[PDB]
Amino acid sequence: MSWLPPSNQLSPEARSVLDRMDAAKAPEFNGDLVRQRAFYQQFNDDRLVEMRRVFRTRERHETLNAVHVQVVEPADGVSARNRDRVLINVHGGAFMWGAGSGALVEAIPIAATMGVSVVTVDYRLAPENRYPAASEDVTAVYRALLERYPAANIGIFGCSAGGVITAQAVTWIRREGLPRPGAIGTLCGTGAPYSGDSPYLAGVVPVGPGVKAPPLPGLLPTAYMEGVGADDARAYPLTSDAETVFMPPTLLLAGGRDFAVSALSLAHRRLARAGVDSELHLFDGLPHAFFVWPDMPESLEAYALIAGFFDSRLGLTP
C-alpha cells in the first residue's frame, strides 16, 4: 500500500516492474466483457513478448480427451531427469480470460527453467461456463496424461484463478477415482476464499480513516463460483479437513503484497496439521501474480522455487 516505500528487499529491476505494473492498471470496464477481454488480451500478449525474450521454448497445440492444450517444451529439449515427468498448467485470468497467451505466459518460464514438458489447459471460462467446468477440463487432461506418465510424476500448477482450479481439479480427480497427482502448485490462490488481513492491505476491499470496513465474504465472488456453497468441500477443499488430508504435496507462493497471502498462510497451516508436505514462499513487496513479469531477478527466483518443488516431489521412473 501507498504510504510505504518499495520493499527494501527488491532488486532495481523489480522496483521498475512495480512502477510499470501500477501504470498498466486496468481502467473500469463497467461489465463490458468484450472490452475487458481485449484489455487482458493485450496485457497477456505484452507479457508473452517479454517471456519470449528471456526463454527459448517450442509450443505445440494438442487435444486431450476433447480438451484443447498447448504443450510447451524447452527449445533445448526436456532434461533426461524429466523424461518421464509432466506438468499441467492451469492459467489465471479471473476465471474469464487468459486463454492462449496468458496460458503460455505461465507455462513458458516453468518449462524452460525446470527443463520439462508443460501441458497448459484451455479450460472453459466464466461467465459462459460455471463450476465445475474447469475442474472437468483439467481432470480430462490429467486422465489422458496418465496413459503416458505415472500419477506420481505428474504435477499440476496455476496462478491466481489457476491456483484455485488446480486445488479444485485435485478433488475432481479424487471424485473420478483416479490416482492423485504427485504434487501441485497453488500459486497466488487456492481452493479457499480470500480471508484475513491481506485483502484489506492490497486494497481489494477499501479501508482507512472514516471507513466502516466490511467483513470479507466466505465465498470467492467470481461468477464462476456463484451459487456454490461454502460447504462444498470439492469447491473449497482447503477449508475441508477431509479434502485437505487427501491433497498431494503442495507449493503455495505469493507476493508479500498479494491479497491472496493471508489465505495461503492459513492453507499452509491446515496442510501441515493434516500431515501434507507443503511449502510456502512469500516475496516481500510484490503483488498478486508478480511472476508473469519476467524482467526481474525475483521472477527467475520464483521459477526456480517452482521447478525445485516439482523436481524434489515428483517421481522419476517410467
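Numbers for residues come from their place in the sequence shown, where the first is 1.
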Mean B factor on CA atoms, stretches 161-169 and 98-106, record says higher is 98-106
Once average C-alpha B-factors are taken from the entry for 30-38 and 245-253, the winner is 30-38
From the entry's CA B-factor values, the highest among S195, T120, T190, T222 is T222
From the entry's CA B-factor values, the highest among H288, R60, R269, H281 is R60
Split the chain's modelled residues into thirds by Cα B-factor; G92 lands in the lowest
For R180, the third of its chain by CA B-factor is the middle
So, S262's CA B-factor, relative to its chain, sits in which third? The lowest
Sorting the chain's modelled residues by C-alpha B-factor and splitting them into thirds places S2 in the highest
Of the three thirds of the chain ranked by Cα temperature factor, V17 occupies the highest
